[PDB]
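Here the protein sequences line up with chains L, A, X, G, F, P, B and W, keeping their order. According to the UniProt record's numbering, the first sequence holds residues 5 to 18, 24 to 87, 91 to 204, 208 to 247 in order. According to the UniProt record's numbering, the second sequence holds residues 5 to 18, 24 to 87, 91 to 204, 208 to 247 in order. According to the UniProt record's numbering, the third sequence holds residues 5 to 18, 24 to 87, 91 to 204, 208 to 247 in order. According to the UniProt record's numbering, the fourth sequence holds residues 5 to 18, 24 to 87, 91 to 204, 208 to 247 in order. According to the UniProt record's numbering, the fifth sequence holds residues 5 to 18, 24 to 87, 91 to 204, 208 to 247 in order. According to the UniProt record's numbering, the sixth sequence holds residues 5 to 18, 24 to 87, 91 to 204, 208 to 247 in order. According to the UniProt record's numbering, the seventh sequence holds residues 5 to 18, 24 to 87, 91 to 204, 208 to 247 in order. According to the UniProt record's numbering, the eighth sequence holds residues 5 to 18, 24 to 87, 91 to 204, 208 to 247 in order. Even for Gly, the Cβ is constructed at its ideal location relative to N, Cα and C. See below for the structure under consideration.
Number of protein chains: 8
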Amino acid sequence: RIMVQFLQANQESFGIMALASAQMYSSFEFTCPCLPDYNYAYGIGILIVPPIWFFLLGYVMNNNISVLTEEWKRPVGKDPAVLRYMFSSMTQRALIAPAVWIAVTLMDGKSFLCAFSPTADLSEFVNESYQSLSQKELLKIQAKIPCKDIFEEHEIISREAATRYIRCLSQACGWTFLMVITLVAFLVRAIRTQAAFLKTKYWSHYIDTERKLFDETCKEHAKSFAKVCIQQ
Amino acid sequence: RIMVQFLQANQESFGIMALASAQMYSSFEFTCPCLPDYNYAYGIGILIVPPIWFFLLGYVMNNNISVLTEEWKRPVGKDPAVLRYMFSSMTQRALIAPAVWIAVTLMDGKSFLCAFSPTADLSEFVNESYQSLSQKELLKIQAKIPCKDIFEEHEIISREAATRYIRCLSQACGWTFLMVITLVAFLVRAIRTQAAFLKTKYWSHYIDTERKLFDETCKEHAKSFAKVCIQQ
Amino acid sequence: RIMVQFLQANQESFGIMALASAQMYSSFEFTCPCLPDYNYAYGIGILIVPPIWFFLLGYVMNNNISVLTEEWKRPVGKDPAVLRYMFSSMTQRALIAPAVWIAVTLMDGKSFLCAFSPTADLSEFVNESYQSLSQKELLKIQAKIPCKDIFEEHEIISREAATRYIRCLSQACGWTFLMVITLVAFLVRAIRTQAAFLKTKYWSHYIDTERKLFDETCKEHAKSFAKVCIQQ
Amino acid sequence: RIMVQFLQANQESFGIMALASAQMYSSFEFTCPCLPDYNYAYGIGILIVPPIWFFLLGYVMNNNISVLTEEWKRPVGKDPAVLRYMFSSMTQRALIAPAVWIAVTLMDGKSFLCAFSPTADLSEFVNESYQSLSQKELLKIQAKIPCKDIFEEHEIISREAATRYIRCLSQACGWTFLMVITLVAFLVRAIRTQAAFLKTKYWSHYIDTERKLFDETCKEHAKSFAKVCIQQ
Amino acid sequence: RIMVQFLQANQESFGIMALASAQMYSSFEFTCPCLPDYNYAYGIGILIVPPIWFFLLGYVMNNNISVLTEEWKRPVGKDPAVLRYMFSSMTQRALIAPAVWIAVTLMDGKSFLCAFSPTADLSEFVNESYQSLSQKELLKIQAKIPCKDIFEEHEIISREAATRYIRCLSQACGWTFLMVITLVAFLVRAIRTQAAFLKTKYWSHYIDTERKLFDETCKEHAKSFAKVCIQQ
Amino acid sequence: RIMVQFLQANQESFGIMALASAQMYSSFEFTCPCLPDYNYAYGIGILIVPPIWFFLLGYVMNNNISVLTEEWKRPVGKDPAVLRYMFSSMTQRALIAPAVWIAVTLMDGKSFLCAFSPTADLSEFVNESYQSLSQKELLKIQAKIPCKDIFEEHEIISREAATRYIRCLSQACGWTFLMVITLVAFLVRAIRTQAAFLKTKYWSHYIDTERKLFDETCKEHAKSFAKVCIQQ
Amino acid sequence: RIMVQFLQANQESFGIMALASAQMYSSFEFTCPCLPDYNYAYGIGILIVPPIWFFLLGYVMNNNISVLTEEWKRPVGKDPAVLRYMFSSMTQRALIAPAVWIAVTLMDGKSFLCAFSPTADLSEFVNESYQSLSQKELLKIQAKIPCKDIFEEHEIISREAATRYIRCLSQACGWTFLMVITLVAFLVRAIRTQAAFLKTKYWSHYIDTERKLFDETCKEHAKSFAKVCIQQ
Amino acid sequence: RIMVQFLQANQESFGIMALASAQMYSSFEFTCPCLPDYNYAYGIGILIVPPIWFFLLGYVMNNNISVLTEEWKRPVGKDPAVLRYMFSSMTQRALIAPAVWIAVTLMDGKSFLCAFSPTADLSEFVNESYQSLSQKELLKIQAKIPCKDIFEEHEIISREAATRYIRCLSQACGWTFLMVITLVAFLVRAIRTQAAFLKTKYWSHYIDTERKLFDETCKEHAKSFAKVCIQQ
Ligand SMILES: *[C@@H]1O[C@H](CO)[C@@H](O)[C@H](O)[C@H]1NC(C)=O
Ligand SMILES: *[C@@H]1O[C@H](CO)[C@@H](O)[C@H](O)[C@H]1NC(C)=O
Ligand SMILES: *[C@@H]1O[C@H](CO)[C@@H](O)[C@H](O)[C@H]1NC(C)=O
Ligand SMILES: *[C@@H]1O[C@H](CO)[C@@H](O)[C@H](O)[C@H]1NC(C)=O
Ligand SMILES: *[C@@H]1O[C@H](CO)[C@@H](O)[C@H](O)[C@H]1NC(C)=O
Ligand SMILES: *[C@@H]1O[C@H](CO)[C@@H](O)[C@H](O)[C@H]1NC(C)=O
Ligand SMILES: *[C@@H]1O[C@H](CO)[C@@H](O)[C@H](O)[C@H]1NC(C)=O
Ligand SMILES: *[C@@H]1O[C@H](CO)[C@@H](O)[C@H](O)[C@H]1NC(C)=O
């Protein structure tokens, strides 16, 4: 409920793909398979592949990827640097949604709990009676931890006690990730290109004005033949 | 509830047929027949035929299919190319809603669960007591899995344990589909036609201006006889 | 609740009679009589007569049925064609609400369940104990199926198991109907009349301009006598 | 709850007296007396007298009933025809709310259930044990049917089974009424008066312009004496 | 809850005192004293005195009662007729809220139930065992009827059975009152004064224009001395 | 809940201090001390001192009390009459909120119940067993009546039966108060001063115009030195 | 819930710091320590230090404290009086929020209950059995009174009976405080400085005009060099 | 719920990073690990590192950090003081969100409770029976205090009694922090730079005007070649 609450708060306070990723996470039915073989795969996949898809999507939604591939494809493109600058700007704009997804899914330690439960060392939580049993038997039990309606072995492991531990580890990792990302962003904004920016601004203005003028002249050239044919 | 939540979030953030398909799924009463003979048929049908209907509908709602069939029907149409371009644009605009429907119904593994439950290999979930019994007897039991109010054989198969497994497989398939679709869209937007676009823009502007001029001249030609007849 | 949800979604997204029929269905208290003699009649009636009433209503709400009957009544009407075109347009606009009603009431298999329950062949659901009894005794029991608060014979037939079966059949029929209707609409929009359209547009513009001019000249002719009489 | 839902839907979609009657029904506490002597009277009264009051009210709210009675009262009124046309238009506008009330109260078979329960033939619902008893004893029991908190004789008659039967009959009668009304409206709009309409339009415009001119000239004639007296 | 629902519906659809009286009733804590001596007094008082207060209030809120008493007080007032017309108009505008209050409190048979319960003849509801006991003992019991939390003698009288009876009588009286009021309003609007209306319109326009001119000339006469004193 | 409901209704329908007092009452935690010594004091205090504070507050919020005390303080004030008129107008505007508070707190008989419970004569409610006991013992019991969670002596006095009685008395007193206040307001508006009103209107317009002119001339006199100093 | 209700009512009716303090109180988790040593300290602290912080905050948020300290710091400031007037106005504007906080926290007798419970004389509430025991033992019990989930000694002291008593005392103190504050405000507004007000108004207008002129001239002086450098 | 309530109140009343930090806290799932080794670390981390990240973020979001690092990097920057002033202004604007976070997380004593529970001296709460046991055994029990669903040793320590104590200490620390911060802010606003402010204002206006002029001249220079190329 906290995720939906912050979603509504972000909507009220309200570049846009961030809210898209947040909403998609808050409305995605995370279901851990709760099996010793697919737990790790499912957790790491939910952690890894959605940001990759968001990266690709952010590249696709960009309106000027066509000019980029056109210039990269030609031997001598009609300058040499606005291309690198435009590509860097596109990549930087696209990298936002994956980072938001990773941060959200780490602060909410569901993927971490699903992925690292079967193999983690939970020895302070395992009951004192069954403190000597094969780790192969512990594998299934620990894998069933992230499932409330499946874990029916409270006599061996306290579920909430290990859930809180793993979730705290996940939140620590999330805050570390956020700090590193913010430091990198600070360095980037403090270091980084002057002529390329002006050239790109000019080319964008030129494209817009050309499109508008083309629409206008098409309308004017159509009005004449319209008056000609209608009078028939 | 997550589907309706993301529906409301999409409505708040808000080409339109995507929201139409999402809403239609979130408000469609999926009822698995829970029978070994019609489970597969019903699941695959819900997966397959609604996107076909959405494709046809998107073709019908298009305002310029009439000109397409008129030109395809004539021996020598009044150019050759803008037709192929217009048809490709129509098809690309129409293909959006089916993809959204398939993605949604795969992320929510209801159709997958209904379709693949009776024949899947659920051997780690079947109880150890009835681990040796005819697969024909297992057919009905496994078919009854997606039905909460019908599956009354908890002593043979854990329902939730297999539900999570099949739903995880469905979500994996959904993410794979999304990745492939995004890659194809990236390639299409990066590869693909210059004169046809301008010709289509000009023809659209001409049609609009002609319609507006016709309305205007009809009003002007009517005003005279109106003043003539009213004075009687 | 799904019907009301999609009603609200359609209202938010928002020719109008479609929403009218959807709302009327979502707010109509469908009560199956649950009797072997009136079940079929009630179900088929709810399926058939409301779309007929919607058809008639859509014909009545049309603002230019009077001109149609005036021209059809005269021996020589003041052209021949715009009449057929206007009538076809009226019929096509009117046929929308009945189709929406039928589609909605088929996707929600209440009418189908009420109509086909007493006579359908439910042999896989009838308990194995009373698997040999007179179909006349089965008539009342099966007729009582669509009534939750009346069906008190769970020892003979599983209610939900047959409800899901009949509802799935109804949804299949609904999707078939939708596909056929969409194909017919595609063919109609792709095949079908050029002069009649322009003539109808001109006549509509003429009628509107004449009405407006009549209002204006009435006001002007009234102002004089108003100034005359007020000064008394 | 369905009536209030459709009330809100009609409000959202939104001549006005229709919504007034619908709201008044949805907010009127229908209380069947549940007595063999007053059941019929109360049901038929709720069915009959509210539409009569709505008819009278619609006549009263009409702004030009005074001119109608003034002309009907004079020996030679200052034309002959616009009176009949104005009266017919008033009656047609007024007849809307009673029809809406009757349709609503028939689709919701409360009045029908209250009125026809004590005397209807409910022989398939009366228990097999007391299948031979004086109809005078059955009178009170059947009269108590529409009262949930009063009918405490479930061992003699199944309440819901007869409630559904009578409600289905009421809904059939309601749909029949709607069909007949729609057919009559279609015939009226298709048959029916040309000069009277123009005369009424002109007289209405004249009245409006005269009122506006009178207000203006009153203000102008007052301004002079205002400037005269204020300066004192 | 029905009263508040219709209150909200009236607010949504939305001379104003009608809504005021409706709201005041829907938010007034009607508490029957449930005593054989004060029941009648309290019921009749709630029925009678609030409309009297509403009448007085509607007279007070009227902006031109001062001119009425000024002219009625003078021996020779500065015409004779517009006074009677203005007074009749004031009374007619004021009489709306009391009628609405009476209609509402009669349709909701609380006052009727509180007032007429102790003395009404409820012989078909009194149990057959205590069918022979002093009416003085029946007085207290019947008086306690409108109180749910006080009436603890279900073995002598069925509370709901008599509540429905008295409430039905109250609703009948309410509909009769509404019909009579509507008939009287129809007769009044059909019968009833020509010069007085114009004179009142002119006097109102004159008063308004004089007030506006006085404000304007006060501002103009103040501006001069303002410019004079500010410069000091 | 009725008080908050009417608060919301008044807010929707919406001199302002009336709503302020209503809101303050609906959001004030009335806690009867339920002791034989402080009950009367607390009830009468809640009845008396909040209207006094509202009176004082309404006097303070008035924007022209300073001119009143300035003129009352001087031996010869710069006319004699507009002072009495302004003071009367201020007092009349201020007297609204106390009356609203008293009316509200009387219609909701909480203060009356808290104040008059310990000493009232409740002899028809005291049980027949303890009908002969010292009034000093009855004092505490009756004082505990307005407290639901404290009154634990149901065997001696029926709590609700006396609560309804006292609340009915309170509502009677409230309606009497409202009637008397409305009669007094009618007499005041019908009796009551002509030159003083015009003088006050003129002085108010003069004050407003002087303030506006002073602001304007301050801005103009500042602009010059602004242009002078900025250029440095 | 009453505090939040009045918060919403104040928001709907809606110098601003008053609502800030009200909201901060309604959303502050008051937790009495329920210990004989820290109860008094915590209660008095919640009563005393938040208004001090609000006073300081209101001083800080004031936009012209800098000019005040600048003039107070100089030996001969560039007049003598507007400083005292500006300081008095600042203090009066700042004193609003602390008074609102104190009034709110006194009307809601939580701080009073927490502070005065351990040492108050509650002898009419202590049970008759333990009416002779060391006050040191009574200290802990009485201190635990404001805690619902901690006070588990109902056999010695009735919790609600003393809670109501102390809360009534707190409300009395709150009303006394409000009356005294209103009287002081009345005296202040009736007594209190003519030239200082005009001087402050003029200085404020001058500051505003100077700021606006400076922005304008900065823009104009920048435009020239902008046109100069851009053309390079 | 109080935090979300004040969040909504702040949103309604509504430099922006304050609301961001408040929302992020109200929607952050604080999960104390409830272990004697990681409790302190987790609590202090939640207290310390989020404000550091907010500080860095506020530095990054600042639009003119690039000019700061450009001037700090050059040997002789194109003045010497607007840099120090701009840096101080940036730091002061950035320091807001960390302070809000610390204040919020201290008023809501969750971090304090998680951090200081295992080592605090809770001797008045430990039961009298186990008042002599190794502090190593008390370590785990006290560490489990902030966990409602884990602390299952009510026979040794009263959970709520110590929770209230530690939360009161946390609130005291929070109010102390707020007072110190407000005093420092008062001193800063009262002490602190005249030429630097004007220079920064001028440079900002110059930058804005230059950007706008550059956009304009780019559009004008593009229009010519647009008209040139379109005509081809
Ligand atoms: C540990 O196991 C014993 C029996 O083996 C059981 O009684 C006890 O409740 C268990 N405790 C926990 C914490 O699992
Ligand atoms: C397996 O079956 C046995 C009896 O056959 C039953 O006692 C046990 O609960 C079952 N377990 C599961 C997981 O189905
Ligand atoms: C079938 O009938 C038997 C007795 O005739 C009963 O025990 C059993 O529960 C019934 N089963 C079903 C599925 O109706
Ligand atoms: C019919 O009456 C018998 C006894 O007379 C009773 O046992 C049975 O439940 C009743 N059945 C119905 C349907 O009323
Ligand atoms: C009538 O009274 C008898 C005993 O006097 C009791 O058993 C019965 O339930 C009562 N019935 C009603 C309807 O009050
Ligand atoms: C009156 O008191 C008797 C015993 O003294 C008790 O049984 C009875 O219930 C009481 N009745 C009321 C109405 O208090
Ligand atoms: C007073 O104490 C006695 C026993 O000491 C107990 O029975 C009684 O309920 C108590 N009463 C109150 C009001 O505490
Ligand atoms: C203290 O411990 C005793 C037994 O050791 C137990 O009976 C009692 O309830 C405990 N009390 C508290 C307050 O923990």
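Given a threshold of 16 other Cβ atoms within 10 Å of its Cβ, counted over all protein chains shown, does residue i qualify as buried or as exposed?
i, result
"A:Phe64", "buried"
"W:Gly24", "exposed"
"F:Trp187", "buried"
"B:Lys156", "buried"
"F:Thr40", "buried"
"L:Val243", "exposed"
"F:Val200", "exposed"
Contact defined as beta carbons within less than 8 Å: I believe residue i pairs with residue j. What is the distance between those atoms, to the nearest angstrom?
i, j, result
"F:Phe137", "F:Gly52", "Actually they are not in contact, since the Cβ atoms of F:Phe137 and F:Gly52 sit about 20 Å apart, beyond 8 Å."
"A:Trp113", "A:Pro158", "Rounded, the Cβ-Cβ distance is 20 Å, inconsistent with contact."
What does the alpha-carbon distance come out to for the pair residue i and residue j?
i, j, result
"G:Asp120", "G:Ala31", "12 Å"
"G:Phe18", "G:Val69", "24 Å"
"F:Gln246", "B:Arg83", "33 Å"
"A:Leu77", "X:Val58", "39 Å"
"A:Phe10", "L:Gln9", "13 Å"
"G:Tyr217", "X:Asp230", "8 Å"
"L:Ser135", "A:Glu164", "37 Å"
"B:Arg226", "P:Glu235", "15 Å"
Which bits of chain F does residue i rub up against, with CB to CB less than 9 Å?
i, result
"G:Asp120", "Going along chain F, no residue has its Cβ under 9 Å from G:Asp120, so there is no contact; the nearest lies around 14 Å."
"G:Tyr51", "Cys180, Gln183, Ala184"
What residues of chain L sit near residue i, judged by a beta carbon separation below 8 Å?
i, result
"A:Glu172", "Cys159, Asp161, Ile162"
Against residue i, what residues of chain F qualify as contacts under a CB-to-CB distance less than 7 Å, listed in chain order?
i, result
"P:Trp113", "Near P:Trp113 there are no residues of chain F at all, since even the closest Cβ is about 17 Å away, more than 7 Å."
Name the chain L residues that come within less than 7 Å of residue i, Cβ to Cβ?
i, result
"W:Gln32", "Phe10, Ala13"
Item checked: 3 or more residues per run - each beta strand (DSSP E) lying fully within the segment 116-171 of chain F -> none
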